[PDB]
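# Notes for the structure review
As a plain string of letters, each chain reads:
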Amino acid sequence: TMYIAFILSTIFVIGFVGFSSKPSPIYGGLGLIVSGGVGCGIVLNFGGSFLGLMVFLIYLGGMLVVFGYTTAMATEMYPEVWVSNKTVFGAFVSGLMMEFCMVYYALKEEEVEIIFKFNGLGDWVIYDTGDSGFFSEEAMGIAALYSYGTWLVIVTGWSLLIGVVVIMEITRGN
Amino acid sequence: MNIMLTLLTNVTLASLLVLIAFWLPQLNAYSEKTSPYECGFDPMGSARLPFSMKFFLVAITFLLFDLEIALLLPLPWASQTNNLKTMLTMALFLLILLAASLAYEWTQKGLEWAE
Amino acid sequence: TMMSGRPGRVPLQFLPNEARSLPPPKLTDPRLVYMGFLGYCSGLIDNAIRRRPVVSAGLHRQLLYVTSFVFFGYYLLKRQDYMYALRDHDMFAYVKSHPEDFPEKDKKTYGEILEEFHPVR
Amino acid sequence: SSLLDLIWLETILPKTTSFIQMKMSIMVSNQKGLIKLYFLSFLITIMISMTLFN
Amino acid sequence: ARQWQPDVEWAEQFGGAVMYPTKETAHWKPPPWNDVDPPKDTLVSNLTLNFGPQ
Amino acid sequence: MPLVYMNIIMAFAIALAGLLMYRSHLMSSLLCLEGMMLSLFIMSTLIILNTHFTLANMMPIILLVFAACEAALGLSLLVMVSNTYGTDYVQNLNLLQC
Amino acid sequence: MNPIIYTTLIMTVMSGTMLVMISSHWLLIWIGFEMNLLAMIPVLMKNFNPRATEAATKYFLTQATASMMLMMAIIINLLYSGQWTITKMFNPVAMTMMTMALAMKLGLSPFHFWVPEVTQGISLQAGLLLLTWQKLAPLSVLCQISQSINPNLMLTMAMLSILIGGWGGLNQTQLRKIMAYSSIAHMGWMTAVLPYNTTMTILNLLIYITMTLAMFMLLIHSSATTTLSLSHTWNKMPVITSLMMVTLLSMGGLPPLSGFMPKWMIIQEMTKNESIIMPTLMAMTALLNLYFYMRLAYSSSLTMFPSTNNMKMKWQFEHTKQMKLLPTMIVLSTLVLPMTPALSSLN
Amino acid sequence: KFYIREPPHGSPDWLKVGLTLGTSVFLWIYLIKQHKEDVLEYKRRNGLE
Amino acid sequence: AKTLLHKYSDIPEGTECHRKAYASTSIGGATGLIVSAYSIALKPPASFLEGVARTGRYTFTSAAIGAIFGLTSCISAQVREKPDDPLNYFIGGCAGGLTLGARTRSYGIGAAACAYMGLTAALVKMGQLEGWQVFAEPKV
Ligand SMILES: CCCCCCCCCCCCCCCCCC(=O)OC[C@H](COP(=O)([O-])OCC[N+](C)(C)C)OC(=O)CCCCCCCCCCCCCCCCC
Ligand SMILES: CCCCCCCCCCCCCCCCC[C@@H](O)O[C@H](CO[C@H](O)CCCCCCCCCCCCCCC)COP(=O)(O)OCC[N+](C)(C)C
């Protein structure tokens, strides 16, 4: 078992609690980067190496722009950190306490939330016995974006081109 | 497992180096030594004031083009398909639309830094 | 959606082939005449908004308004009649197929039916 | 004429209804246009819909 | 000897920022005619740097 | 359902509650918006990889692409707001009222 | 904005909506919503000013939140069924999330504040496109998934929409905010009938779109954005004021005008399903909308407000641009009550 | 010549007038033919005439 | 919400007046809490103590209205020995309206609230008796 997926999921939730308590965009980006790396680990354990590395790389690139933007647009004299503010620390502690409570309840008994029913057992239990051979199912399914999914490529490329046009138009001014 | 052990080893070695650096030498600290550096004179303002970014549009375009390359990365596996003509058409379609985005921004002066 | 997804429905078909067995609307239908009246009113409003003589100017334009409205109204009436015929057909077929749900009841005369009398005074 | 027609029959139905509608209109439309405020309202609505609707 | 038509008092009662003003809504003001608010005199605050002597 | 799905859904709920509760900066809310799509990506790929839905493996990539488009749109609006008002504070977006 | 870029952005908005309407896959529906929003932001920001920037920011924030909630609902539904097709949703929690997201997109209460704020922020053409097309898409999705809609949640949001629209419109004195609150009320009516007859939903959508197009185009023709600005139009073109008054009477639901047909059909359809309290409350609450329509009609056509001295020069000059299909919208929004049984063709 | 400036609609636009009249005539003859064909097809399908 | 309504309706009409008052008080308190939450969100208070004071005032007003309505309705039904009578609910509704007027310190608000709440409560009793439904299930 080793509970590696559960530990990683808990760290994922912790990073979300951080950047959602919202200290300041520098530390929000730091927490989001931690969460992206940990999610890469979770999906690597579940099987998708390409998907994990891709989401990690995309969020590393995206948060690089956010740093430059918060240096220019979203900075103040004394940037707030988690312990610097009463509201930020309160929200951070609330999120951590909620995560701890739900984790403890799930481990102690099969916890049914007011939304969904969860069973405390093995993420290794839920896996499938069967195997593939001499190819990666994830890689083949992703590579099927060009043979299958011609429509998806068309709409995605159109959206990206129009996105360039839009960002040029919004920031025109005048 | 092995990769986790490798990451742990690297982080532990770096942290030990920091610990040795901050605890081995003799330390003498006073307000003048730890003051911020600005070539011998005091800083007029603060380093936390807003710092204008003259390439704000190139950054957004970088986000979009970064996800374009994310789309392009699974091409080596896409070359093993039986639908080679469709695969080649869609790959060239994505690359041509990327080129069109670059051409549009270049001609509309999106690549020029603000003055 | 009552009749959406009815079996044998061709998507995006304004008028199916089975609608050809219904009587087409007469060209002097009062509904067609009202569609033409709507076209004429649109033409008069066009002249009024553009500040031309309302009744006199743009006779060709007013004719085009009336003709377009009559054309579209004719096809709309055909589709409406087809949908109503389809509804009645389905209802009759279901009643025929479910006799236990739509039973024929024995008719009793008012000489046999007893009704309470409520005097007005 | 005065007490009933001009005063009390006027107060019961049309004056009271108009006053209530005007007050509720002021309450609804008196907003500062702050996204923080009405997004907090959205959060409350979402929690209520998740919990009290089954 | 002629039909009554609205005057400046009527028009001004209809020309506020909102109907039914309160304290806050009276502190409010109607928007500009061309929807363009006057520019705000923000401070650019260029970074000041000591380039030298060391 | 495993506890992993519970944690991912909890992370999404936390990021949604973060977005709906602004403090001052528009950038922090944008970061909360980017976290929600990260949790959506992780949840979708966990569901797809477990069930061996081979043709659905491309869906998280499209999800990421439109996350990028949303982030670009939000950053463009943020630079326009900052140009107008000097700060990315959400208190300045009060000209329009309900 | 370059005319070519503007028309390609309009076409992209329309393409996103059409993708939403023709797709059978939840991912493609989400893609359509995203494409619509992305191309719709610059249209709002077409005339650059702080109000337009603020309106675009608020619209983007609301629509991004709604799209995120919608994708969460889609993924939750996939978890419990493994189905990507848009049909009845297999999870009540996913259905509740989907209903909340689509209501936030449409502006149903309590998700309505952005509607008056954004509409006042943006120009008349942008508001016309916003109301019409951006109501056109989510309602199609709701009609597709209607058979799993929670009647209690849908009807609660519908009654809230009707009440809020009436009250806000009562208070407002700006024409664009009046239009926005009227839009909120009409969306309330449509979604109230939604869990019983999507055909009646479509009929109300079409009539509302016609009346809104006529009203917005009359405002654009008269170049009036406030009550007092619209009070000068009787001294320039008294025909436009009369047409606007008839259209306002139609919007308020007075017989025998075309605005009575949707309310009539919806009341009848809900009564067939043994609903009486809801139709009666809905019918009585529309008197608020009629009141502020009539207040607007007093200022512009039924009374003559004071004018200014430069109106003489305006008399000397003539209106150049011609509105496309304005007479047709005026006629369709007022005189098509005797054509009611064509809703079977609409079926 | 009353107007100091030539009105935009001083003279009829003969191209537009011809197109309008042609479109109206085409629509009318098409409607007549469509109705005749509809009546004939209905009678043939129902076995009336 | 549904659980609270089920408890209130599961207590019989003319019996257990203390339990009826408790259930109606709980329902009123929940309604007041929801109203106070929306008021806090949409009109922020100047301080945490002011927010707590406003929440307490709204919650206590709603709870008092609910308690008075339930107690008065049950007692009236018990003493008259006529359950399933809309007059009991009308009396409870006017008592709740008088409670609202007392909380707001306004005779006019009290009178209007008595009238409107009495009509509403009598209508609710008539609906329970006759089978009226507000959110009707789709059919036909
Ligand atoms: C290459 C990368 C890794 C580098 C690792 C370390 C490299 C260097 C190894 C040799 C270091 C020799 C000792 C230097 C200590 C600093 C000198 C100093 O501060 O002197 C002034 C001070 C003077 O003290 P004082 O008491 O006279 O002064 C009082 C203060 N004032 C000046 C104001 C009067 O020296 C000391 O305090 C002496 C402390 C003990 C020195 C020996 C202990 C360290 C032994 C190191 C052995 C190697 C293993 C452990 C080290 C880590 C590596 C694994
Ligand atoms: C030049 C002559 C004049 C032309 C003027 C043209 C103006 C109108 C343009 C034509 C509009 C209709 C397009 C006709 C071809 C499209 C065929 C297709 O769209 O028709 C059907 C659908 O068409 C429309 O739905 C109905 C067309 C009729 C609408 C106009 C009348 C609306 C009723 C108003 C009554 C009161 C006003 C009366 C008119 C004045 C297909 O059904 P289906 O693909 O499966 O629908 C799936 C979705 N559903 C099931 C939920 C509905």
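- Judging from the entry metadata, cryo-EM is the method by which this structure was determined, and 2.88 Å is the reported resolution.

### Re the state of the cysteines
Residue and element names in this part refer to chain I.
- Counted according to the given criterion, the structure contains two disulfides over all chains.
- Between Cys94 and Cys114 runs a disulfide, and the two sulfur atoms are separated by 2.0 Å. Of note, the bridge from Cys94 to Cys114 carries an S-S torsion of about -95 degrees and is left-handed in sense. Here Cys94 is found in helix α4 (residues 86-104), whereas its partner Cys114 is found in helix α5 (residues 107-130), with 20 residues between them in sequence. As far as burial versus exposure is concerned, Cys94 and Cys114 are alike and both buried.

### With respect to the interface of chain F and chain A
- Each partner contributes to the interface: chain F provides 56 residues, whereas chain A provides 72 residues.
- Together, the buried faces of chain F and chain A total about 5,600 Å²; carbon and sulfur atoms form 79% of this surface.
- Among the ionic pairs, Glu80 of chain A bridges to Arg23 of chain F, the shortest N-O distance being 2.6 Å.
- On the surface where chain F and chain A come into contact, there are seven residue pairs in polar contact.
- Of all the secondary structure elements, the ones that give two or more residues to the side of chain F that touches chain A are α1 (3-20), α2 (26-51) and α3 (59-85) of chain F.
- Of the residues belonging to the side of chain F that touches chain A, the class tally is 39 nonpolar, 14 polar and three charged.

### Describing the site of ligand 2
- Residues in contact with ligand 2 amount to 17 residues; listed here are only the nearest, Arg9, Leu12 and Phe71 of chain C together with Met339 and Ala342 of chain G.
- A distance of 2.9 Å separates an oxygen atom of ligand 2 from a polar backbone atom of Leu12 of chain C.
- When isolated, ligand 2 has an accessible area of 1,200 Å², and the protein chains bury 61% of it.
- Sorting the residues of the shell around ligand 2 by element identifies α2 (59-97) of chain C together with α16 (343-346) of chain G as the ones contributing at least two each.

### Some thoughts on the interface of chain G and chain A
- In this complex, chain G contributes 21 residues to the contact, which on the side of chain A involves 16 residues.
- Carbon and sulfur atoms supply 81% of the area buried between chain G and chain A, which totals about 1,500 Å² over both sides.
- Run the count over chain G and chain A and you get zero residue pairs in polar contact.
- Of all the secondary structure elements, the ones that give two or more residues to the side of chain G that touches chain A are α1 (3-22), α2 (26-44) and α3 (50-81) of chain G.
- Among the elements that take part in the side of chain G that touches chain A, α2 of chain G stands out by supplying eight residues, more than any other.

### As for the packing of α1 of chain F against α2 of chain F
Residues and elements named next belong to chain F.
- Packing of α1 against α2 leaves a shortest axis separation of 8 Å and a crossing angle of 160 degrees. With respect to α2, the element α1 is oriented roughly antiparallel. Between α1 and α2 lies a crossing of left-handed hand. Only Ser29, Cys32, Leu33, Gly35, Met36, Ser39, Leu40, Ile42, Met43, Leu46, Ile47 and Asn50 of α2 make contact with α1, whose side of the interface consists of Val4, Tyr5, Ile8, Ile9, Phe12, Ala15, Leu16, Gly18 and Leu19.
- Considered class by class, the residues forming the contact of α1 with α2 number 16 nonpolar, five polar and no charged.

### Description of the pattern of salt bridges
- All chains considered together, the criterion is met by 21 salt bridges over all chains.
- Salt-bridge contacts for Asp46 of chain C lead to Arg52 of chain C; the nearest nitrogen and oxygen are separated by 3.8 Å.
- The class of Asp46 of chain C is buried, set by a relative accessible area of 11%.
- Taken together, the shared-partner salt bridges connect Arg20 of chain C together with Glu41, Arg44 and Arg45 of chain H into one network.

### Here we look at the nonpolar core
- One finds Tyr69 of chain A together with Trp30, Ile31 and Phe60 of chain G to be the most contacted residues of the largest nonpolar core, which totals 290 residues.
- Other than its neighbours up to four places away in sequence, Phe60 of chain G contacts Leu30, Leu33, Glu70, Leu73, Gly74 and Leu77 of chain F together with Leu37 and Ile41 of chain G.
- Of all hydrophobic cores here, the second largest spans six residues; its members include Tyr8, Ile11, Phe69 and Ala121 of chain I.

### Some details on the packing of aromatic side chains
- Taken as a whole, this structure holds 33 aromatic pairs over all chains when the rule is applied.
- Centroid distance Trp4 of chain E to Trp10 of chain E: 5.2 Å. Interplanar angle 75 degrees. Geometry classified as edge-to-face.
- For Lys46 of chain G, the ring lying beneath its charged end belongs to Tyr6 of chain G, and the centroid distance is 5.4 Å.
- The aromatic ring of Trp189 of chain G is capped on one face by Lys263 of chain G, whose charged end is 5.5 Å from the ring centroid.

Each value, and the rule that gives it
Residues numbered from 1 in each chain as written, not as in the entry; some residues may be left out. Chains lettered and ligands numbered in written order. Part of a larger assembly, values for the part shown. Heavy atoms only, no water. Disulfide = S-S within 2.5 Å. Helix = DSSP H or I, 4+ residues; strand = E, 2+ residues; numbered from the N terminus. Buried < 20%, exposed > 50% of the residue type's maximum accessible area, 1.4 Å probe, protein only. Contact = heavy atoms within 4.5 Å. Buried area = accessible area lost by both parts, 1.4 Å probe. Salt bridge = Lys/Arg side-chain N within 4 Å of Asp/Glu carboxyl O. Polar contact = N/O pair within 3.5 Å; in protein donor to acceptor, adjacent residues only side chain to side chain. Nonpolar A, V, L, I, M, F, W, Y, C, P; charged D, E, K, R; others polar. Near = heavy atom within 4 Å. Areas by Shrake-Rupley, 256 points an atom, 1.4 Å probe, with all protein chains shown as cover. Axes fitted to C-alpha atoms, helices over the stretch in contact; angles between N-to-C directions. Parallel < 35°, antiparallel > 145°, perpendicular 65-115°, else oblique. Left-handed = near helix turned anticlockwise from the far one by under 90°. Core = buried A, V, L, I, M, F, W, Y, C linked by side-chain atoms within 4.5 Å. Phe/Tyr/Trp six-rings, centres within 6.5 Å; stacked < 30°, edge-to-face > 60°. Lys NZ or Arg CZ within 6 Å of the ring centre and 35° of its normal.

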